[PDB]
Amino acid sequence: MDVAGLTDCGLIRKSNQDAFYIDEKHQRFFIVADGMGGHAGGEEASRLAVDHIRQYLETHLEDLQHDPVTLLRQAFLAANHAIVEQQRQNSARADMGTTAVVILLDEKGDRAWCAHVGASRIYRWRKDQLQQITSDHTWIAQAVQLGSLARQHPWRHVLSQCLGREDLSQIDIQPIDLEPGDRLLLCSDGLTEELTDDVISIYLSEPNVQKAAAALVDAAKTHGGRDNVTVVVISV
């Protein structure tokens, strides 16, 4: 398997509050986080999420990989608590929060557990078709699930769930089986606010994952780059 990861402040934002991690040693897990909060809170929250999820997975993967749902829930909860602790004792950053999307590959490497909180996304690509795997935790997406139909709504990026909340009430986890040649994309909404799924799907057809990741980021910026943008591209 081949993997590439890139983050970029974009063309507008003063600082980058996205973060990511790739397990380059064993290629077992991959993490993207999109932080929010003034007074540099967003940067702290996304960094905490990535570091705490990584550390939890590194520490507990051997013991728990037979129960990936429990493992991933506990990793996210560790991140959540770490952010809340810093809130509780950091008045200026009391509202900091972050999304996270995580892929954990099983040992064989052909099943991906997809875990998330927020509106960063995981997609799977296969033979020029693209499928969004995660369901955005936004009020606007929830409505679309129910009886109202959003891509232009001014509040589309308003989150209904986020790490950094004592009242975190949902961690979505589901497995996806993989075939050779599939690709997986983890991305912050800095990508999807600029590029339609059709466009994303084309860049993911680029044989070289290094180039595909660079192309997605460059395209997001060419289209406006109004937000921080982060991608991790995995080729199965």
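So that there is no doubt, residue numbering starts at 1 and follows the sequence shown.
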For the higher mean C-alpha B factor in the entry, choose 185-193 or 63-71. 63-71
Can you tell me whether 102-110 has a higher mean C-alpha B factor than 129-137 in this record, or the other way round? 102-110
From 122, 77, 143, 83, residue of greatest CA B-factor: 143
Name the one of 169, 55, 201, 46 with the greatest CA B-factor according to the PDB entry. 169
Place residue 179 in the lowest, middle or highest third of its chain's C-alpha B-factors, as listed in the PDB entry. middle
What third of the chain, by the recorded C-alpha B-factor, contains residue 163? middle
Going by the CA temperature factor in the PDB record, which third of the chain does residue 147 belong to: lowest, middle or highest? highest
Sorting the chain's modelled residues by C-alpha B-factor and splitting them into thirds places residue 154 in the highest
Taking the entry's C-alpha B-factors for this chain, is residue 22 in the lowest, middle or highest third? lowest
